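A lone chain, given as structure tokens: the form deposited in one PDB entry.
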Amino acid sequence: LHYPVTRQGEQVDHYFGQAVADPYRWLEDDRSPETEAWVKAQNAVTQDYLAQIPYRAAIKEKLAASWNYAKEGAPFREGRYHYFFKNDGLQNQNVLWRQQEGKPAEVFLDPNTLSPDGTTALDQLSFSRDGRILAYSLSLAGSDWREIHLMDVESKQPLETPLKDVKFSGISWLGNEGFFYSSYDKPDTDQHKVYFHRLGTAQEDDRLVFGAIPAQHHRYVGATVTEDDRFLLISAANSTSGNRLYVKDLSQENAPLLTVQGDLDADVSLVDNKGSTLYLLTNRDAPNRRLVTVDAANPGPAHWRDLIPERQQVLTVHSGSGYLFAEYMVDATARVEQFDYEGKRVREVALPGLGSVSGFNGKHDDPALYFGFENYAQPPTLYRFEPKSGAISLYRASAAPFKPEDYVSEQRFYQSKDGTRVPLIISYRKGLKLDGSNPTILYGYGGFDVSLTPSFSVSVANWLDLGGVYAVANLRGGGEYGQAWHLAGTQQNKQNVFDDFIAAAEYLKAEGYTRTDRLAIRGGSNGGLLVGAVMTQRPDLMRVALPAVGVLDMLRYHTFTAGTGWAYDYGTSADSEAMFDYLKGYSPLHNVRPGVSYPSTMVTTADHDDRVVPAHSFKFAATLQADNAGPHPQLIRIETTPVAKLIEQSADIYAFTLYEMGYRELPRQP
């Protein structure tokens, strides 16, 4: 192949007295005529290279034929109807259907009909206590602004004019009287307020509940009324970290607000109440969270009592049918325990395997609960759970064109350089031979307290069908083992994340799953940095590298507005000489060196992106093309139907990967 010429400039930056050259500084401007022309030239070379792969079209057709299929959500009762979401596989928005006792299901609310291009999406859905009126908000695609519409459920017609100027709001009813919502604007800046809208009145008359006086000023406020209509819980926060919480007893007239938590030093949220007892989920004095109870009449932190004490695993709580479900992440997969409201453990719920769950949410009187389950080998499946007996039955199998029994997903654990034990989930078609020849993709992220929990993806399923192995490592920096796991992958410990990933690659080879020339590494954003770091430190470790939307220039990433929010995880080159030396020591852009033979690489990024600027990918690819000395191609694919786009991208990635591994024909018949 022949790369486009990339002009080199003379920009030199200085950090604590050390000079650093940046010859591709001009590529930081993704909107200049010069950069846009370079983008066009790079895509031309990339497409021309991919066009020589004989089976690229076969891969694309295979993905295209398995990409769209019908979906259905769990049913929920409101009034005399059971409601459930469905998607025929083609419509952009899920449709809400309903069905009553002895009649066929019917469409109730189809969001696709509200927008010409079907971008208007339903956000919040909240029925009145009796199920007769529906309050729902719509997001006109991308905008944070909202309107709360009120619909008469029986006639499906509007009850009254929609509420306007709603933002970052929930919708919570007080019986059938009206509901609480949040807005920055007085109904008649940055001070979010809770209002109560009474049905049958004009919005301009909505009563202010919280947020207007100086002592209540907060950037984000929320309000929830308990299912039994006894308590109103108002949350107030200025950031995603910590919130104050107040409670009002609605069983009394003009009750004052009592303070459940008066500082922002911890997160605390309502689970439910039973009588005058509040059940709260919190991380106060409990990083992995705990479930506490306290009387609503004297609810402060000093009075909270543990119902479900903090454990070594992170806790999430669901409630339904008169039970509490404590969900724990154990080695990146879900476990669920059922408790009564008195704190007695009823049983451990027997899940279908190791994966990710959703559900176990219901009303106090729901006769059954539903939960979803999926993992890398199993498409999302719905199950029915009988609360008292604990019996579980399949409710809805997935319509995805993949048979679960055809795939295997196993959890292994390996050791990193420093001895740390790290989880690794490996998936593939049943009947894989550990002869080290399997085409393998190793995926990781490693940062920002992000936990990589199993999730099903058509793209991955197709890779497995092509004979591939897909491995995901739960590297440090993530939140799989809580705060300490995250911290061990930040700032001057970031190298730990890369060491964890290198050790996973070494493990996949040693255990016989693959070998160097049959291994690809992949990751996106912070995961793109991961791929960039590992391929510049160990270019001999893998045959293919796939860094997507990566943060690759670690010395200047913070000078872009979105990067100013990742300081906790990365630190910046303006922090201190030590932090500067550390970043320069691993910064992918600054560690590509002339003379080195890099693996075949396909850098991916959108042409314009304000979250992770294309500058990182552009400069990184330019440097790889200038410095690489071996026979492997260093390509960049710049993305400029969105489903067609996604199918096209997966086809290019898989065709490139197998082709670079030397496959003349696909490993398995298409």
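Throughout, we count residues from 1 along the sequence that is shown.
In at least a third of the other PDB entries of this protein that model the residues around it, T641 has no coordinates. Residue-level annotation: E160 has coordinates in all of the other entries compared, counting only those that model residues on either side of it, so it never reaches the one-third mark. According to the entry, the stretch of the deposited sequence that connects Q47 to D48 contains no residue lacking coordinates, so the chain runs unbroken between them. The deposited sequence places 4 to 9 unmodelled residues between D188 and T189. As recorded in the PDB entry, 431-439 is the stretch of 383-391 and 431-439 with the greater mean C-alpha temperature factor. Higher average CA B factor: 81-89, of the stretches 268-276 and 81-89. The entry lists C-alpha B-factors for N68, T601, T605, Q625, and the highest of these is at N68. The PDB entry assigns the greatest CA B-factor among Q216, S319, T113, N243 to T113. In this PDB entry, the Cα temperature factor of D610 sits in the top third of its chain's modelled residues, the highest group.
In this PDB entry, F76 carries a Cα temperature factor that places it within the highest third of its chain's modelled residues.
Among the modelled residues of its chain, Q52 has a C-alpha B-factor that falls in the highest third, as given in the PDB entry. In this PDB entry, the Cα temperature factor of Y659 sits in the middle third of its chain's modelled residues. Per the PDB record, residue ranking by Cα B-factor puts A64 in the middle third of the chain.
Quick note: we don't show the form deposited in another entry, though the next part is all about it.
Relative to this conformation, an increase of 3 Å or more in the Cα-Cα distance between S393 and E405 is found in the other form.
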